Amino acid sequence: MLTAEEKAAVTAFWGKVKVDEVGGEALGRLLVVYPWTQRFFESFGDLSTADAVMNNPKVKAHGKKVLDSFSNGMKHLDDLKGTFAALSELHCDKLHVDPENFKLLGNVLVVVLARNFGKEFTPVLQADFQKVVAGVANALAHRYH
């Protein structure tokens, strides 16, 4: 997927950045920008306004977990299929998430990285991240194929 150079670039960037609120912001934004995705998170409580969504503690906590999973992917870029095989089964077979949404979330994450990280998040670096999120989305969709 990534060249060695692209992997090194992604890895170095991910090493330095402070990301403990990024996951919650990405999930929050998904549910605000694409509100059908709220269907999947009824148990999370108040999602009735943009503000309610973004400040919902369950959204923040779940987003942290999602990013932790993404970071796992980042440590196994050679084996995204193996890494997400179980999560693919859960999301497709049990949660019934259409795979287009995996792409939407990867792209929201990129938007979030760009908002948080300014000029270091260059076009070259962002394109490297687009490969990573496309890889994670393909790996999650796998149980559909």
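Heads up: residue numbers just count along the shown sequence, starting at 1. Between two forms, the rigid core is the largest collection of C-alphas that superpose within 1.5 Å.
Across the superposed structures in 8 other deposited structures of this protein, aligned by the core, the stretch whose Cα atoms lie more distant on average is 8-16, chosen from 124-132 and 8-16.
A summary of the deposited B-factors shows that, of 50-58 and 94-102, the stretch with the larger mean C-alpha value is 50-58. Comparing the deposited coordinates for 5-13 and 131-139, the stretch with the larger average C-alpha B-factor is 5-13. Residue-level inspection of the entry shows that, of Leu80, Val111, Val33, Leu27, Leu80 has the top Cα B-factor. For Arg115, the recorded CA temperature factor ranks within the lowest third of the chain's modelled residues.
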